[PDB]
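K.L.:
Provided herewith: my_file_13.tsv, TSV, C-alpha atoms.
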chain	number	residue	atom	x	y	z
Y	1	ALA	CA	-128.34	39.32	-78.24
Y	2	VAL	CA	-131.02	42.00	-78.02
Y	3	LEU	CA	-130.56	44.75	-75.44
Y	4	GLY	CA	-133.40	46.42	-73.58
Y	5	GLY	CA	-135.67	45.77	-70.62
Y	6	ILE	CA	-138.65	43.72	-69.49
Y	7	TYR	CA	-141.42	45.25	-67.36
Y	8	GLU	CA	-144.09	42.91	-65.99
Y	9	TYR	CA	-146.98	43.57	-63.61
Y	10	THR	CA	-150.00	41.61	-62.42
Y	11	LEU	CA	-152.93	41.92	-60.02
Y	12	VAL	CA	-155.03	38.88	-59.09
Y	13	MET	CA	-158.01	39.53	-56.81
Y	14	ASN	CA	-161.08	37.53	-55.82
Y	15	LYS	CA	-164.08	37.88	-53.53
Y	16	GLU	CA	-166.64	35.52	-52.01
Y	17	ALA	CA	-169.53	36.18	-49.63
Y	18	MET	CA	-172.26	33.97	-48.18
Y	19	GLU	CA	-175.06	34.71	-45.72
Y	20	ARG	CA	-177.93	32.60	-44.38
Y	21	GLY	CA	-180.57	33.27	-41.75
Y	22	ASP	CA	-183.24	31.03	-40.21
Y	23	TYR	CA	-186.05	31.98	-37.83
Y	24	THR	CA	-189.04	29.96	-36.63
Y	25	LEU	CA	-191.80	30.38	-34.05
Y	26	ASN	CA	-194.68	28.09	-33.05
Y	27	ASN	CA	-197.27	28.89	-30.37
Y	28	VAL	CA	-200.08	26.56	-29.28
Y	29	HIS	CA	-202.58	27.29	-26.51
Y	30	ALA	CA	-205.54	25.23	-25.31
Y	31	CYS	CA	-208.25	25.83	-22.71
Y	32	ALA	CA	-211.12	23.53	-21.74
Y	33	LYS	CA	-213.67	23.97	-18.94
Y	34	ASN	CA	-216.92	22.04	-18.46
Y	35	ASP	CA	-219.34	22.71	-15.60
Y	36	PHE	CA	-222.61	21.07	-14.56
Y	37	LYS	CA	-224.86	21.25	-11.49
Y	38	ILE	CA	-228.06	19.38	-10.65
Y	39	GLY	CA	-230.68	19.92	-7.97
Y	40	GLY	CA	-233.84	18.18	-6.79
Y	41	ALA	CA	-236.41	18.75	-4.05
Y	42	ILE	CA	-239.72	16.92	-3.35
Y	43	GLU	CA	-241.55	16.36	-0.02
Y	44	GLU	CA	-239.66	15.50	1.91
Y	45	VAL	CA	-236.13	15.05	0.39
Y	46	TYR	CA	-233.47	17.40	-1.06
Y	47	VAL	CA	-230.65	16.50	-3.47
Y	48	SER	CA	-228.22	18.97	-5.05
Y	49	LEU	CA	-225.01	17.89	-6.79
H	1	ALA	CA	-169.38	35.16	-38.23
H	2	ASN	CA	-171.86	32.93	-36.40
H	3	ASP	CA	-175.14	33.79	-34.69
H	4	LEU	CA	-177.52	31.64	-32.65
H	5	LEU	CA	-180.70	32.72	-30.86
H	6	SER	CA	-183.00	30.34	-28.99
H	7	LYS	CA	-185.98	31.25	-26.81
H	8	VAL	CA	-188.53	28.86	-25.30
H	9	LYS	CA	-191.70	29.65	-23.35
H	10	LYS	CA	-194.32	27.38	-21.79
H	11	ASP	CA	-197.52	28.43	-20.01
H	12	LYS	CA	-199.95	26.01	-18.35
H	13	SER	CA	-203.01	26.57	-16.17
H	14	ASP	CA	-205.50	24.43	-14.26
H	15	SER	CA	-208.69	25.22	-12.34
H	16	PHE	CA	-211.24	22.80	-10.90
H	17	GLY	CA	-213.69	22.82	-8.01
H	18	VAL	CA	-216.50	20.50	-6.88
H	19	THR	CA	-219.46	21.87	-4.90
H	20	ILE	CA	-221.87	19.19	-3.64
H	21	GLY	CA	-224.36	19.66	-0.82
H	22	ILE	CA	-227.12	17.18	0.06
H	23	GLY	CA	-229.05	16.97	3.31
H	24	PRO	CA	-232.08	14.65	3.71
H	25	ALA	CA	-234.14	14.80	6.97
H	26	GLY	CA	-237.80	15.02	8.11
H	27	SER	CA	-237.20	18.57	9.45
H	28	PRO	CA	-235.91	21.34	7.08
H	29	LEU	CA	-232.09	21.08	6.62
H	30	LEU	CA	-229.39	22.71	4.46
H	31	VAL	CA	-225.94	21.48	3.39
H	32	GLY	CA	-223.55	23.68	1.43
H	33	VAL	CA	-219.99	22.97	0.30
H	34	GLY	CA	-217.73	25.26	-1.72
H	35	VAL	CA	-214.46	24.24	-3.38
H	36	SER	CA	-212.45	26.18	-5.95
H	37	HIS	CA	-208.87	25.84	-7.20
H	38	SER	CA	-206.62	27.70	-9.62
H	39	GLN	CA	-203.18	26.91	-11.04
H	40	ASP	CA	-200.91	29.18	-13.08
H	41	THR	CA	-197.49	28.33	-14.50
H	42	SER	CA	-195.19	30.52	-16.61
H	43	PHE	CA	-191.73	29.60	-17.88
H	44	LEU	CA	-189.39	31.62	-20.10
H	45	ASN	CA	-185.84	30.94	-21.26
H	46	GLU	CA	-183.85	32.87	-23.87
H	47	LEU	CA	-180.37	32.26	-25.28
H	48	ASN	CA	-178.30	34.38	-27.66
H	49	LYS	CA	-174.80	33.65	-28.96
H	50	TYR	CA	-172.74	35.62	-31.48
Translate the structure of the given file into structure tokens.

P.N.:
Amino acid sequence: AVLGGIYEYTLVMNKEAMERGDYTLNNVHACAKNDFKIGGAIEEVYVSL
Amino acid sequence: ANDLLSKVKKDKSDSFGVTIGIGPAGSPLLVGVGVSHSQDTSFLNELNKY
């Protein structure tokens, strides 16, 4: 037999990281206006629309 | 960690008016009509969760 001593040591370490970000924006605007006026006058009538 | 953000907005408008005046007679005559309308709508909703 062999006399003596055994000394053992260990360090196991890990690391993991994950990040994700999403952002969206959509804007739609519409405007529509149409105008018309007519007018007529002759002896002896009057029309205005 | 979790994060959620939602915001919605809707705007709508409407405006219309009809003005028609017609008067026919032997003597001088006048007919006038005035109509105008306006609509406005605004909606907003926001949500945030962490």

K.L.:
Could you jot down the atom CA of residue H:21 to atom CA of residue H:34 separation for me, Å, one decimal place?

P.N.:
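The value is 8.7 Å.
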
K.L.:
Separation of atom CA of residue H:44 and atom CA of residue Y:21, in Å?

P.N.:
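Between atom CA of residue H:44 and atom CA of residue Y:21 the gap is 23.4 Å.
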
K.L.:
Can you measure atom CA of residue Y:41 to atom CA of residue H:19 for me? One decimal in Å is fine.

P.N.:
17.3 Å

K.L.:
Residues near residue Y:25, anyone? I mean within 12 Å using only C-alpha atoms, not counting same-chain ones fewer than 5 positions away, as an MDAnalysis selection string.

P.N.:
chainID H and resid 5:9

K.L.:
Contacts from chain H to chain Y, 7 Å maximum, all atoms listed in the file: show me the residue list as a PDB file with C-alpha atoms, in the coordinates of the input.

P.N.:
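The resulting out36.pdb:
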ATOM      1  CA  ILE H  20    -221.870  19.190  -3.640  1.00  0.00           C
ATOM      2  CA  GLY H  21    -224.360  19.660  -0.820  1.00  0.00           C
ATOM      3  CA  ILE H  22    -227.120  17.180   0.060  1.00  0.00           C
ATOM      4  CA  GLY H  23    -229.050  16.970   3.310  1.00  0.00           C
ATOM      5  CA  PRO H  24    -232.080  14.650   3.710  1.00  0.00           C
ATOM      6  CA  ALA H  25    -234.140  14.800   6.970  1.00  0.00           C
ATOM      7  CA  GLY H  26    -237.800  15.020   8.110  1.00  0.00           C
TER       8      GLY H  26
END

K.L.:
Using all atoms listed in the file, which residues sit within 6 Å of stretch 16-18 of chain H once same-chain residues fewer than 3 positions away are excluded, as a PyMOL selection string?

P.N.:
chain H and resi 35-37

K.L.:
Near residue Y:20, counting only C-alpha atoms, which residues have an atom at most 12 Å away, once you skip same-chain residues fewer than 2 positions from it, shown as a PDB file with C-alpha atoms, in the coordinates of the input?

P.N.:
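What ended up in result-v4.pdb:
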ATOM      1  CA  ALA Y  17    -169.530  36.180 -49.630  1.00  0.00           C
ATOM      2  CA  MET Y  18    -172.260  33.970 -48.180  1.00  0.00           C
ATOM      3  CA  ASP Y  22    -183.240  31.030 -40.210  1.00  0.00           C
ATOM      4  CA  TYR Y  23    -186.050  31.980 -37.830  1.00  0.00           C
TER       5      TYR Y  23
ATOM      6  CA  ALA H   1    -169.380  35.160 -38.230  1.00  0.00           C
ATOM      7  CA  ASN H   2    -171.860  32.930 -36.400  1.00  0.00           C
ATOM      8  CA  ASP H   3    -175.140  33.790 -34.690  1.00  0.00           C
ATOM      9  CA  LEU H   4    -177.520  31.640 -32.650  1.00  0.00           C
TER      10      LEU H   4
END
